[PDB]
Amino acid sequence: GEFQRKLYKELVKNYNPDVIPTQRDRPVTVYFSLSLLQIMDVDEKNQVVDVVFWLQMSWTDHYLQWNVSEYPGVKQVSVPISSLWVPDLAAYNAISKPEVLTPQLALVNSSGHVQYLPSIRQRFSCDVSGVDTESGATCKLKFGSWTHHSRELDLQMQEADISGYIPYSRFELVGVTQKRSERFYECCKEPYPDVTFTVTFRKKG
């Protein structure tokens, strides 16, 4: 009943959504996956692919946990993302702002596990010259934290999902591979991880 009201109150107490919830030396592990829903368009002149996808981002926030016996019935809560820390993931080769298609809410259970599952439309730089060939065009969707390094934010992949690709598109989805990389940059002391989704596709016919 009102326990949920009571819980939101305590959870917001002394919480800062700008601050990554690392706990003494241990990085926040962030599990990450992309599912391709639709390739909306290609621009062969300007080298751009327009896509709709669903992101899966999940991690543990130790500040957002609670004893279930103090709030009977409350096993999970639905929370607007502006009120909690969320990973600052960025598409490295995007040429447009992401358009979030779904309500900006995350699910949080009693042990502090968070799930933010946004569906998103965004345009990306890509060489789409081969879209008209048997081998198709290959586009890399590269994602990573904009400002958090490996030892703060440990980005890891879950298995991706093409089962949600719409069948009636004018683009045939040949394949989708994903890989986690990590590199030191000529800029910073700590290394940064990234996850890249490579999608190959062609125009039917």
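A residue's number is simply how far along the shown sequence it sits, counting from 1. Note that the rigid core is defined as the largest set of C-alphas that superpose within 1.5 Å between two forms.
- With each structure aligned by its rigid core, the stretch whose Cα atoms sit farther from this model in 4 other deposited structures of this protein, between 193-201 and 8-16, is 8-16.
- When the C-alpha B-factors of 69-77 and 117-125 are averaged, 69-77 comes out higher.
- As listed in the deposited structure, the average C-alpha B-factor of 157-165 and of 26-34 is greater for 157-165.
- For residue 50, the recorded CA B-factor ranks within the lowest third of the chain. Only modelled residues enter the ranking.
- When the modelled residues of the chain are ordered by C-alpha B-factor, residue 103 sits in the lowest third.
- In this PDB entry, the Cα temperature factor of residue 135 sits in the top third of its chain's modelled residues, the highest group.
- Sorting the modelled residues of the chain by their CA temperature factor places residue 83 in the lowest third.
- When the modelled residues of the chain are ordered by their C-alpha B factor, residue 172 lands in the middle third.
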